[PDB]
$ cat query03.txt   # compact mmCIF, C-alpha atoms and all ligand atoms
# COMPACT_ATOMS: atom_id res chain seq x y z
CA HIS A 4 -13.19 -28.52 -32.64
CA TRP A 5 -15.21 -28.97 -29.45
CA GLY A 6 -16.38 -32.45 -28.55
CA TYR A 7 -16.78 -34.82 -25.62
CA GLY A 8 -13.28 -36.25 -25.47
CA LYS A 9 -10.61 -35.75 -22.81
CA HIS A 10 -8.99 -32.91 -24.73
CA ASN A 11 -12.00 -31.15 -26.22
CA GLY A 12 -14.77 -32.09 -23.81
CA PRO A 13 -17.06 -30.07 -21.46
CA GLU A 14 -14.21 -29.01 -19.16
CA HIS A 15 -12.47 -27.38 -22.14
CA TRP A 16 -15.43 -25.56 -23.73
CA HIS A 17 -15.04 -22.40 -21.62
CA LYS A 18 -11.89 -21.41 -23.51
CA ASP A 19 -13.72 -20.87 -26.81
CA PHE A 20 -17.06 -20.19 -25.14
CA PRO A 21 -16.58 -18.15 -21.91
CA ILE A 22 -20.34 -18.27 -21.29
CA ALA A 23 -19.73 -21.89 -20.25
CA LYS A 24 -19.14 -20.51 -16.74
CA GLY A 25 -22.15 -18.21 -16.98
CA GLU A 26 -25.06 -17.55 -14.63
CA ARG A 27 -27.72 -19.71 -16.29
CA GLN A 28 -25.98 -22.74 -17.77
CA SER A 29 -27.53 -26.14 -18.50
CA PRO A 30 -27.96 -28.91 -17.67
CA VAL A 31 -28.49 -28.86 -13.90
CA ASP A 32 -29.37 -31.37 -11.22
CA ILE A 33 -33.05 -31.25 -10.34
CA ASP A 34 -33.40 -31.49 -6.55
CA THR A 35 -37.02 -32.69 -6.32
CA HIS A 36 -37.27 -31.65 -2.68
CA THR A 37 -36.14 -28.09 -3.37
CA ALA A 38 -38.20 -27.61 -6.54
CA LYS A 39 -41.32 -25.58 -5.73
CA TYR A 40 -44.80 -26.20 -7.11
CA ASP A 41 -45.87 -23.11 -9.05
CA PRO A 42 -49.62 -22.36 -9.44
CA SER A 43 -48.90 -19.48 -11.82
CA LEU A 44 -47.86 -22.06 -14.42
CA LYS A 45 -50.47 -22.45 -17.15
CA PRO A 46 -51.24 -25.84 -18.74
CA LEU A 47 -48.52 -27.15 -21.08
CA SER A 48 -49.62 -27.50 -24.71
CA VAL A 49 -47.80 -29.86 -27.06
CA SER A 50 -49.34 -29.73 -30.54
CA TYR A 51 -47.38 -32.05 -32.83
CA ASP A 52 -50.26 -33.38 -34.95
CA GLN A 53 -49.13 -31.37 -38.00
CA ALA A 54 -45.40 -31.94 -37.54
CA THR A 55 -43.45 -32.39 -40.78
CA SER A 56 -40.08 -34.13 -40.44
CA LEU A 57 -37.60 -33.70 -43.28
CA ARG A 58 -34.37 -35.58 -42.61
CA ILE A 59 -31.96 -36.98 -40.05
CA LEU A 60 -28.34 -35.85 -39.81
CA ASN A 61 -25.23 -37.09 -37.99
CA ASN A 62 -23.48 -33.85 -37.03
CA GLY A 63 -20.39 -35.40 -35.48
CA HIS A 64 -21.58 -35.30 -31.87
CA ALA A 65 -25.19 -36.55 -32.07
CA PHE A 66 -27.94 -36.78 -34.68
CA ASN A 67 -30.66 -34.27 -35.50
CA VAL A 68 -34.12 -35.08 -36.81
CA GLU A 69 -35.06 -31.85 -38.56
CA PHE A 70 -38.55 -30.46 -39.14
CA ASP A 71 -40.05 -27.92 -41.50
CA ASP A 72 -40.58 -24.84 -39.33
CA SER A 73 -41.56 -22.45 -42.12
CA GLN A 74 -45.12 -22.49 -40.74
CA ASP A 75 -46.87 -23.03 -37.41
CA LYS A 76 -47.35 -26.79 -37.43
CA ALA A 77 -45.63 -28.51 -34.51
CA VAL A 78 -45.71 -26.01 -31.64
CA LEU A 79 -45.18 -25.83 -27.89
CA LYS A 80 -47.21 -23.37 -25.82
CA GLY A 81 -48.46 -22.80 -22.29
CA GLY A 82 -46.67 -23.87 -19.15
CA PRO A 83 -44.08 -21.18 -18.31
CA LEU A 84 -44.09 -20.01 -21.92
CA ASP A 85 -45.42 -16.76 -23.34
CA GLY A 86 -46.27 -16.96 -27.02
CA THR A 87 -45.67 -19.76 -29.51
CA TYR A 88 -42.54 -21.87 -29.90
CA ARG A 89 -42.03 -23.79 -33.15
CA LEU A 90 -40.40 -27.25 -33.23
CA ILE A 91 -37.27 -27.13 -35.37
CA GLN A 92 -35.49 -30.37 -34.44
CA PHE A 93 -34.91 -33.05 -31.83
CA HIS A 94 -31.87 -35.06 -30.84
CA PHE A 95 -30.60 -37.18 -27.97
CA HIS A 96 -27.71 -37.40 -25.53
CA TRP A 97 -26.75 -40.90 -24.37
CA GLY A 98 -24.08 -42.89 -22.59
CA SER A 99 -21.76 -45.82 -23.11
CA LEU A 100 -23.60 -47.62 -20.30
CA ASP A 101 -27.22 -47.61 -19.08
CA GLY A 102 -26.18 -45.86 -15.85
CA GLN A 103 -25.26 -42.62 -17.60
CA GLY A 104 -26.23 -40.55 -20.60
CA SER A 105 -28.74 -37.91 -19.54
CA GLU A 106 -27.70 -34.30 -19.12
CA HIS A 107 -30.19 -33.25 -16.49
CA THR A 108 -30.22 -35.44 -13.40
CA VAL A 109 -32.96 -35.97 -10.81
CA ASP A 110 -31.72 -36.02 -7.23
CA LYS A 111 -28.36 -36.83 -8.84
CA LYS A 112 -29.86 -39.81 -10.71
CA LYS A 113 -28.56 -40.14 -14.28
CA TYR A 114 -30.78 -41.73 -16.92
CA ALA A 115 -29.63 -43.81 -19.89
CA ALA A 116 -30.35 -40.95 -22.29
CA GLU A 117 -32.20 -37.68 -22.76
CA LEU A 118 -34.36 -36.50 -25.64
CA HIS A 119 -34.37 -32.81 -26.50
CA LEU A 120 -37.14 -31.35 -28.64
CA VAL A 121 -35.94 -27.86 -29.57
CA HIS A 122 -38.43 -25.06 -30.29
CA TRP A 123 -37.94 -21.37 -31.11
CA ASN A 124 -40.08 -18.35 -30.20
CA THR A 125 -41.88 -17.23 -33.37
CA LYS A 127 -41.92 -13.59 -32.30
CA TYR A 128 -38.23 -13.51 -33.25
CA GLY A 129 -38.75 -14.47 -36.89
CA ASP A 130 -36.08 -17.16 -37.20
CA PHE A 131 -33.98 -19.56 -35.17
CA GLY A 132 -30.77 -17.59 -35.62
CA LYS A 133 -32.38 -14.50 -34.09
CA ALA A 134 -34.14 -16.45 -31.35
CA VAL A 135 -30.91 -17.91 -29.93
CA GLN A 136 -29.73 -14.35 -29.22
CA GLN A 137 -32.70 -13.74 -26.91
CA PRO A 138 -33.15 -14.73 -23.22
CA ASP A 139 -36.50 -16.33 -24.09
CA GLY A 140 -35.67 -17.36 -27.64
CA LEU A 141 -35.87 -21.12 -27.20
CA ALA A 142 -37.87 -23.70 -25.28
CA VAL A 143 -36.48 -27.20 -25.06
CA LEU A 144 -38.68 -30.06 -23.95
CA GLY A 145 -36.47 -32.62 -22.25
CA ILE A 146 -37.51 -36.24 -21.81
CA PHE A 147 -35.55 -38.89 -19.93
CA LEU A 148 -35.00 -42.35 -21.38
CA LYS A 149 -34.60 -45.44 -19.19
CA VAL A 150 -33.87 -48.98 -20.35
CA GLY A 151 -36.74 -51.42 -20.16
CA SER A 152 -39.53 -52.05 -22.64
CA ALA A 153 -39.03 -50.90 -26.22
CA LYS A 154 -40.57 -47.63 -27.39
CA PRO A 155 -42.44 -48.41 -30.64
CA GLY A 156 -42.43 -44.78 -31.69
CA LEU A 157 -38.63 -44.68 -31.57
CA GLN A 158 -37.93 -47.69 -33.80
CA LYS A 159 -38.16 -45.70 -37.04
CA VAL A 160 -35.33 -43.50 -35.77
CA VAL A 161 -33.36 -46.53 -34.62
CA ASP A 162 -33.54 -48.33 -37.97
CA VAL A 163 -32.27 -45.38 -40.00
CA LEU A 164 -29.11 -44.85 -37.93
CA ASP A 165 -27.25 -47.43 -40.02
CA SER A 166 -27.57 -45.04 -42.99
CA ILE A 167 -26.02 -42.08 -41.13
CA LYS A 168 -23.29 -43.88 -39.22
CA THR A 169 -20.62 -41.22 -39.68
CA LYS A 170 -20.27 -37.44 -39.34
CA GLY A 171 -21.77 -35.45 -42.19
CA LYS A 172 -24.13 -38.18 -43.34
CA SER A 173 -27.84 -37.42 -43.67
CA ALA A 174 -30.93 -39.32 -44.80
CA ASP A 175 -34.49 -38.51 -45.80
CA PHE A 176 -36.69 -38.82 -42.74
CA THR A 177 -40.17 -37.66 -43.68
CA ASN A 178 -43.49 -38.48 -42.04
CA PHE A 179 -42.03 -39.17 -38.59
CA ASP A 180 -44.51 -38.39 -35.81
CA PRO A 181 -42.80 -37.05 -32.65
CA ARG A 182 -45.95 -37.72 -30.62
CA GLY A 183 -44.72 -41.30 -30.40
CA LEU A 184 -41.82 -40.23 -28.19
CA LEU A 185 -43.92 -38.62 -25.45
CA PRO A 186 -44.65 -40.23 -22.07
CA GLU A 187 -48.18 -40.32 -20.67
CA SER A 188 -47.78 -37.48 -18.19
CA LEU A 189 -46.80 -33.92 -19.02
CA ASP A 190 -45.88 -33.14 -15.40
CA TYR A 191 -42.67 -31.11 -15.56
CA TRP A 192 -39.94 -29.01 -13.96
CA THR A 193 -38.89 -25.73 -15.54
CA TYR A 194 -36.05 -23.24 -15.17
CA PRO A 195 -34.12 -20.67 -17.25
CA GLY A 196 -31.01 -22.15 -18.83
CA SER A 197 -28.86 -22.53 -21.93
CA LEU A 198 -27.94 -24.71 -24.87
CA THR A 199 -26.01 -27.67 -23.42
CA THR A 200 -23.57 -27.69 -26.35
CA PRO A 201 -21.40 -24.88 -27.70
CA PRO A 202 -22.14 -22.02 -28.26
CA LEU A 203 -23.90 -22.58 -24.89
CA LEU A 204 -26.11 -19.51 -25.40
CA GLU A 205 -28.34 -18.65 -22.42
CA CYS A 206 -31.54 -18.46 -24.47
CA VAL A 207 -33.43 -21.51 -23.23
CA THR A 208 -36.50 -22.01 -21.10
CA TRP A 209 -36.10 -25.62 -20.03
CA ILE A 210 -39.13 -27.85 -19.60
CA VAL A 211 -38.07 -31.28 -18.32
CA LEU A 212 -40.74 -33.96 -18.01
CA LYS A 213 -40.86 -35.94 -14.79
CA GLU A 214 -41.97 -39.17 -16.44
CA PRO A 215 -39.31 -40.90 -18.53
CA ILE A 216 -40.09 -43.06 -21.54
CA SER A 217 -38.81 -46.62 -21.71
CA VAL A 218 -36.61 -47.82 -24.55
CA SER A 219 -35.14 -51.29 -25.04
CA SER A 220 -31.51 -52.24 -24.55
CA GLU A 221 -31.47 -53.15 -28.24
CA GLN A 222 -32.70 -49.69 -29.23
CA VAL A 223 -30.12 -47.84 -27.15
CA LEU A 224 -27.45 -50.27 -28.35
CA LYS A 225 -27.99 -49.04 -31.89
CA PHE A 226 -27.51 -45.44 -30.73
CA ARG A 227 -24.11 -46.58 -29.44
CA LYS A 228 -23.13 -47.94 -32.86
CA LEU A 229 -23.08 -44.46 -34.38
CA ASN A 230 -19.73 -42.76 -35.01
CA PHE A 231 -18.28 -39.37 -33.99
CA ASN A 232 -15.78 -39.68 -36.85
CA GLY A 233 -16.41 -39.12 -40.53
CA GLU A 234 -16.49 -41.86 -43.17
CA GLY A 235 -13.20 -43.64 -43.78
CA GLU A 236 -11.70 -42.48 -40.49
CA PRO A 237 -10.76 -44.55 -37.41
CA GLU A 238 -13.88 -45.53 -35.49
CA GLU A 239 -14.74 -43.52 -32.40
CA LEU A 240 -18.11 -44.70 -31.11
CA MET A 241 -20.64 -41.94 -30.54
CA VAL A 242 -21.30 -42.42 -26.82
CA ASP A 243 -21.31 -40.19 -23.74
CA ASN A 244 -22.21 -37.06 -25.69
CA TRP A 245 -23.69 -35.45 -22.58
CA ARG A 246 -22.62 -32.38 -20.61
CA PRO A 247 -22.55 -32.85 -16.81
CA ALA A 248 -24.73 -30.86 -14.41
CA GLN A 249 -23.72 -27.21 -13.99
CA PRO A 250 -24.02 -24.78 -11.03
CA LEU A 251 -27.65 -23.81 -10.38
CA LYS A 252 -26.53 -20.42 -9.04
CA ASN A 253 -29.27 -17.78 -8.65
CA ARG A 254 -32.07 -19.96 -10.03
CA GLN A 255 -35.10 -21.79 -8.67
CA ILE A 256 -36.54 -24.83 -10.41
CA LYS A 257 -40.34 -24.75 -10.54
CA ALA A 258 -42.59 -27.82 -10.64
CA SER A 259 -45.91 -28.01 -12.48
CA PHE A 260 -47.13 -30.69 -10.06
CA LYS A 261 -47.33 -31.38 -6.32
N1 LIG B 1 -30.97 -25.94 -27.54
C1 LIG B 1 -30.12 -26.64 -28.37
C2 LIG B 1 -29.86 -26.11 -29.64
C3 LIG B 1 -28.99 -26.77 -30.56
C4 LIG B 1 -28.75 -26.16 -31.90
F1 LIG B 1 -27.48 -26.28 -32.34
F2 LIG B 1 -29.53 -26.65 -32.88
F3 LIG B 1 -28.98 -24.83 -31.90
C5 LIG B 1 -28.39 -28.02 -30.15
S1 LIG B 1 -27.29 -29.02 -31.16
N2 LIG B 1 -25.88 -28.34 -31.25
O1 LIG B 1 -27.14 -30.28 -30.48
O2 LIG B 1 -27.85 -29.05 -32.47
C6 LIG B 1 -28.66 -28.54 -28.88
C7 LIG B 1 -29.51 -27.86 -28.00
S2 LIG B 1 -29.81 -28.54 -26.41
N3 LIG B 1 -28.79 -29.71 -26.16
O3 LIG B 1 -29.54 -27.52 -25.44
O4 LIG B 1 -31.13 -29.09 -26.49
ZN ZN B 2 -29.57 -31.51 -26.34
$ encode --input "query03.txt" --output "structure tokens"
Amino acid sequence: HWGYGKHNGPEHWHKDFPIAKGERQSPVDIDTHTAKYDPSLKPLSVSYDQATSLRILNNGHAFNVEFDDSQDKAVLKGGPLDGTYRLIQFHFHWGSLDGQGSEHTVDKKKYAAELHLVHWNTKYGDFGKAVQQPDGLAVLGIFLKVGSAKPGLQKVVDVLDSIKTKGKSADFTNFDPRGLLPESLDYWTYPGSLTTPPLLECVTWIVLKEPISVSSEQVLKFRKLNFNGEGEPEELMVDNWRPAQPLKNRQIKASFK
């Protein structure tokens, strides 16, 4: 199965998923001097007040905090988006050390981790159908740097002990994702793909410029998770990030000057 190891990592994915070498793959390096401010971009709208979390799951490569997307509650609109995108889940990518972990990079700078809030275009009916469309998903990416603790992230941190190994899940209701957002919604956007297999090119990426700060203790607990299943040799869940891919025929647009 695909993973992030030497024999099943990012450099191997193309064999089972040829699209890995496609024309709009993610992540990418964001060259802040080449990104162009775009006035055609409408205001970004993040409406998470009615978000309903359900549970958290360790899927063997990261952990997903799932939400009830059977109704329009937590939605992302505006910005480069047309229509309404419903929040289905969020997860993170992190490193073994503070100097690495993020998937997107800024002027080649790697952050300690990266938060991905995944949303799907409601005009497609369901997530499975949305991922087969060029504009099926919108992922809001947020960088994490080590410094002060992020109060809104602690609830996630303290439940990780209960889902240490692959396949384990735990009830995770009443979690408010608004607590993971930085002050500014300034962002960069470009057409890309899922950063994990099947690497489908169905994502409109919206990466926030302002990172949130998390404590060393908080990220340390992320690093205590396991890639392996219960009762198997321990393989710490770290460095579950895909490196920057060729930008190719794409221009990254900035919402700010
Ligand atoms: N866009 C998306 C969709 C999924 C999906 F699988 F849920 F579809 C995942 S996953 N494998 O980590 O859950 C990850 C992403 S990402 N890293 O591009 O934000
Ligand atoms: Zn991701």
$ residues_near_ligand --input "query03.txt" --ligand "ligand LIG 1 (chain B)" --cutoff "6 Å" --atoms "only C-alpha atoms and all ligand atoms" --output "PDB file with C-alpha atoms, keeping the file's coordinate frame"
ATOM      1  CA  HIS A 119     -34.370 -32.810 -26.500  1.00  0.00           C
ATOM      2  CA  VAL A 121     -35.940 -27.860 -29.570  1.00  0.00           C
ATOM      3  CA  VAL A 143     -36.480 -27.200 -25.060  1.00  0.00           C
ATOM      4  CA  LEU A 198     -27.940 -24.710 -24.870  1.00  0.00           C
ATOM      5  CA  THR A 199     -26.010 -27.670 -23.420  1.00  0.00           C
ATOM      6  CA  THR A 200     -23.570 -27.690 -26.350  1.00  0.00           C
TER       7      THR A 200
END
$ atom_distance --input "query03.txt" --atom1 "atom CA of residue 18 of chain A" --atom2 "atom CA of residue 113 of chain A"
26.7 Å
$ residues_around --input "query03.txt" --residues "residue 146 of chain A" --least-positions-apart "5" --cutoff "9 Å" --atoms "all atoms listed in the file" --output "ChimeraX atom specification"
/A:116-120,184-186,210-216
$ residues_near_ligand --input "query03.txt" --ligand "ligand ZN 2 (chain B)" --cutoff "12 Å" --atoms "all atoms listed in the file" --output "PDB file with C-alpha atoms, in the coordinates of the input"
ATOM      1  CA  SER A  29     -27.530 -26.140 -18.500  1.00  0.00           C
ATOM      2  CA  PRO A  30     -27.960 -28.910 -17.670  1.00  0.00           C
ATOM      3  CA  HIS A  64     -21.580 -35.300 -31.870  1.00  0.00           C
ATOM      4  CA  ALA A  65     -25.190 -36.550 -32.070  1.00  0.00           C
ATOM      5  CA  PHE A  66     -27.940 -36.780 -34.680  1.00  0.00           C
ATOM      6  CA  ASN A  67     -30.660 -34.270 -35.500  1.00  0.00           C
ATOM      7  CA  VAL A  68     -34.120 -35.080 -36.810  1.00  0.00           C
ATOM      8  CA  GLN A  92     -35.490 -30.370 -34.440  1.00  0.00           C
ATOM      9  CA  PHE A  93     -34.910 -33.050 -31.830  1.00  0.00           C
ATOM     10  CA  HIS A  94     -31.870 -35.060 -30.840  1.00  0.00           C
ATOM     11  CA  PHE A  95     -30.600 -37.180 -27.970  1.00  0.00           C
ATOM     12  CA  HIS A  96     -27.710 -37.400 -25.530  1.00  0.00           C
ATOM     13  CA  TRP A  97     -26.750 -40.900 -24.370  1.00  0.00           C
ATOM     14  CA  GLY A 104     -26.230 -40.550 -20.600  1.00  0.00           C
ATOM     15  CA  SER A 105     -28.740 -37.910 -19.540  1.00  0.00           C
ATOM     16  CA  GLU A 106     -27.700 -34.300 -19.120  1.00  0.00           C
ATOM     17  CA  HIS A 107     -30.190 -33.250 -16.490  1.00  0.00           C
ATOM     18  CA  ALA A 116     -30.350 -40.950 -22.290  1.00  0.00           C
ATOM     19  CA  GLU A 117     -32.200 -37.680 -22.760  1.00  0.00           C
ATOM     20  CA  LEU A 118     -34.360 -36.500 -25.640  1.00  0.00           C
ATOM     21  CA  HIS A 119     -34.370 -32.810 -26.500  1.00  0.00           C
ATOM     22  CA  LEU A 120     -37.140 -31.350 -28.640  1.00  0.00           C
ATOM     23  CA  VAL A 121     -35.940 -27.860 -29.570  1.00  0.00           C
ATOM     24  CA  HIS A 122     -38.430 -25.060 -30.290  1.00  0.00           C
ATOM     25  CA  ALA A 142     -37.870 -23.700 -25.280  1.00  0.00           C
ATOM     26  CA  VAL A 143     -36.480 -27.200 -25.060  1.00  0.00           C
ATOM     27  CA  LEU A 144     -38.680 -30.060 -23.950  1.00  0.00           C
ATOM     28  CA  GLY A 145     -36.470 -32.620 -22.250  1.00  0.00           C
ATOM     29  CA  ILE A 146     -37.510 -36.240 -21.810  1.00  0.00           C
ATOM     30  CA  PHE A 147     -35.550 -38.890 -19.930  1.00  0.00           C
ATOM     31  CA  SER A 197     -28.860 -22.530 -21.930  1.00  0.00           C
ATOM     32  CA  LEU A 198     -27.940 -24.710 -24.870  1.00  0.00           C
ATOM     33  CA  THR A 199     -26.010 -27.670 -23.420  1.00  0.00           C
ATOM     34  CA  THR A 200     -23.570 -27.690 -26.350  1.00  0.00           C
ATOM     35  CA  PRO A 201     -21.400 -24.880 -27.700  1.00  0.00           C
ATOM     36  CA  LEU A 203     -23.900 -22.580 -24.890  1.00  0.00           C
ATOM     37  CA  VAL A 207     -33.430 -21.510 -23.230  1.00  0.00           C
ATOM     38  CA  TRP A 209     -36.100 -25.620 -20.030  1.00  0.00           C
ATOM     39  CA  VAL A 211     -38.070 -31.280 -18.320  1.00  0.00           C
ATOM     40  CA  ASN A 244     -22.210 -37.060 -25.690  1.00  0.00           C
ATOM     41  CA  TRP A 245     -23.690 -35.450 -22.580  1.00  0.00           C
ATOM     42  CA  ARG A 246     -22.620 -32.380 -20.610  1.00  0.00           C
ATOM     43  CA  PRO A 247     -22.550 -32.850 -16.810  1.00  0.00           C
TER      44      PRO A 247
END
$ residues_around --input "query03.txt" --residues "residue 16 of chain A" --least-positions-apart "2" --cutoff "10 Å" --atoms "all atoms listed in the file" --output "PDB file with C-alpha atoms, in the frame of the given file"
ATOM      1  CA  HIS A   4     -13.190 -28.520 -32.640  1.00  0.00           C
ATOM      2  CA  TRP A   5     -15.210 -28.970 -29.450  1.00  0.00           C
ATOM      3  CA  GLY A   6     -16.380 -32.450 -28.550  1.00  0.00           C
ATOM      4  CA  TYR A   7     -16.780 -34.820 -25.620  1.00  0.00           C
ATOM      5  CA  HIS A  10      -8.990 -32.910 -24.730  1.00  0.00           C
ATOM      6  CA  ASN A  11     -12.000 -31.150 -26.220  1.00  0.00           C
ATOM      7  CA  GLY A  12     -14.770 -32.090 -23.810  1.00  0.00           C
ATOM      8  CA  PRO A  13     -17.060 -30.070 -21.460  1.00  0.00           C
ATOM      9  CA  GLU A  14     -14.210 -29.010 -19.160  1.00  0.00           C
ATOM     10  CA  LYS A  18     -11.890 -21.410 -23.510  1.00  0.00           C
ATOM     11  CA  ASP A  19     -13.720 -20.870 -26.810  1.00  0.00           C
ATOM     12  CA  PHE A  20     -17.060 -20.190 -25.140  1.00  0.00           C
ATOM     13  CA  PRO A  21     -16.580 -18.150 -21.910  1.00  0.00           C
ATOM     14  CA  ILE A  22     -20.340 -18.270 -21.290  1.00  0.00           C
ATOM     15  CA  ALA A  23     -19.730 -21.890 -20.250  1.00  0.00           C
ATOM     16  CA  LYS A  24     -19.140 -20.510 -16.740  1.00  0.00           C
ATOM     17  CA  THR A 200     -23.570 -27.690 -26.350  1.00  0.00           C
ATOM     18  CA  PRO A 201     -21.400 -24.880 -27.700  1.00  0.00           C
ATOM     19  CA  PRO A 202     -22.140 -22.020 -28.260  1.00  0.00           C
ATOM     20  CA  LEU A 203     -23.900 -22.580 -24.890  1.00  0.00           C
TER      21      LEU A 203
END
$ residues_around --input "query03.txt" --residues "segment 56-59 of chain A" --least-positions-apart "6" --cutoff "9 Å" --atoms "only C-alpha atoms" --output "ChimeraX atom specification"
/A:66-71,92,160,163-164,167,172-181
$ write_last_selection --input "query03.txt" --atoms "C-alpha atoms" --output "PDB file, keeping the file's coordinate frame"
ATOM      1  CA  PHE A  66     -27.940 -36.780 -34.680  1.00  0.00           C
ATOM      2  CA  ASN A  67     -30.660 -34.270 -35.500  1.00  0.00           C
ATOM      3  CA  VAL A  68     -34.120 -35.080 -36.810  1.00  0.00           C
ATOM      4  CA  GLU A  69     -35.060 -31.850 -38.560  1.00  0.00           C
ATOM      5  CA  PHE A  70     -38.550 -30.460 -39.140  1.00  0.00           C
ATOM      6  CA  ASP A  71     -40.050 -27.920 -41.500  1.00  0.00           C
ATOM      7  CA  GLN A  92     -35.490 -30.370 -34.440  1.00  0.00           C
ATOM      8  CA  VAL A 160     -35.330 -43.500 -35.770  1.00  0.00           C
ATOM      9  CA  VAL A 163     -32.270 -45.380 -40.000  1.00  0.00           C
ATOM     10  CA  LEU A 164     -29.110 -44.850 -37.930  1.00  0.00           C
ATOM     11  CA  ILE A 167     -26.020 -42.080 -41.130  1.00  0.00           C
ATOM     12  CA  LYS A 172     -24.130 -38.180 -43.340  1.00  0.00           C
ATOM     13  CA  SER A 173     -27.840 -37.420 -43.670  1.00  0.00           C
ATOM     14  CA  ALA A 174     -30.930 -39.320 -44.800  1.00  0.00           C
ATOM     15  CA  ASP A 175     -34.490 -38.510 -45.800  1.00  0.00           C
ATOM     16  CA  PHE A 176     -36.690 -38.820 -42.740  1.00  0.00           C
ATOM     17  CA  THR A 177     -40.170 -37.660 -43.680  1.00  0.00           C
ATOM     18  CA  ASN A 178     -43.490 -38.480 -42.040  1.00  0.00           C
ATOM     19  CA  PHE A 179     -42.030 -39.170 -38.590  1.00  0.00           C
ATOM     20  CA  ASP A 180     -44.510 -38.390 -35.810  1.00  0.00           C
ATOM     21  CA  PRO A 181     -42.800 -37.050 -32.650  1.00  0.00           C
TER      22      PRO A 181
END
$ closest_residue --input "query03.txt" --among "A:112, A:159, A:15, A:36" --to "residue 256 of chain A" --atoms "all atoms listed in the file"
A:36
$ closest_residue --input "query03.txt" --among "A:111, A:125, A:158, A:99" --to "residue 227 of chain A" --atoms "only C-alpha atoms"
A:99
$ closest_residue --input "query03.txt" --among "A:208, A:108, A:220, A:166" --to "residue 135 of chain A" --atoms "only C-alpha atoms"
A:208
$ closest_atom_pairs --input "query03.txt" --of "segment 75-148 of chain A" --to "segment 44-51 of chain A" --cutoff "12 Å" --atoms "all atoms listed in the file" --output "JSON lines"
{"residue": "A:75", "atom": "CA", "partner": "A:50", "partner_atom": "CA", "distance": 9.9}
{"residue": "A:76", "atom": "CA", "partner": "A:51", "partner_atom": "CA", "distance": 7.0}
{"residue": "A:77", "atom": "CA", "partner": "A:51", "partner_atom": "CA", "distance": 4.3}
{"residue": "A:78", "atom": "CA", "partner": "A:50", "partner_atom": "CA", "distance": 5.3}
{"residue": "A:79", "atom": "CA", "partner": "A:49", "partner_atom": "CA", "distance": 4.9}
{"residue": "A:80", "atom": "CA", "partner": "A:48", "partner_atom": "CA", "distance": 4.9}
{"residue": "A:81", "atom": "CA", "partner": "A:47", "partner_atom": "CA", "distance": 4.5}
{"residue": "A:82", "atom": "CA", "partner": "A:47", "partner_atom": "CA", "distance": 4.2}
{"residue": "A:83", "atom": "CA", "partner": "A:44", "partner_atom": "CA", "distance": 5.5}
{"residue": "A:84", "atom": "CA", "partner": "A:45", "partner_atom": "CA", "distance": 8.3}
{"residue": "A:85", "atom": "CA", "partner": "A:45", "partner_atom": "CA", "distance": 9.8}
{"residue": "A:86", "atom": "CA", "partner": "A:48", "partner_atom": "CA", "distance": 11.3}
{"residue": "A:87", "atom": "CA", "partner": "A:48", "partner_atom": "CA", "distance": 9.9}
{"residue": "A:88", "atom": "CA", "partner": "A:49", "partner_atom": "CA", "distance": 10.0}
{"residue": "A:89", "atom": "CA", "partner": "A:50", "partner_atom": "CA", "distance": 9.8}
{"residue": "A:90", "atom": "CA", "partner": "A:51", "partner_atom": "CA", "distance": 8.5}
{"residue": "A:91", "atom": "CA", "partner": "A:51", "partner_atom": "CA", "distance": 11.5}
{"residue": "A:120", "atom": "CA", "partner": "A:49", "partner_atom": "CA", "distance": 10.9}
{"residue": "A:122", "atom": "CA", "partner": "A:49", "partner_atom": "CA", "distance": 11.0}
{"residue": "A:142", "atom": "CA", "partner": "A:49", "partner_atom": "CA", "distance": 11.8}
{"residue": "A:143", "atom": "CA", "partner": "A:49", "partner_atom": "CA", "distance": 11.8}
{"residue": "A:144", "atom": "CA", "partner": "A:49", "partner_atom": "CA", "distance": 9.6}
$ atom_distance --input "query03.txt" --atom1 "atom CA of residue 8 of chain A" --atom2 "atom CA of residue 204 of chain A"
21.1 Å
$ atom_distance --input "query03.txt" --atom1 "atom CA of residue 250 of chain A" --atom2 "atom CA of residue 138 of chain A"
18.2 Å
$ residues_near_point --input "query03.txt" --point "(-19.7, -35.8, -39.4)" --cutoff "9 Å" --atoms "all atoms listed in the file" --output "ChimeraX atom specification"
/A:60-64,168-172,230-234
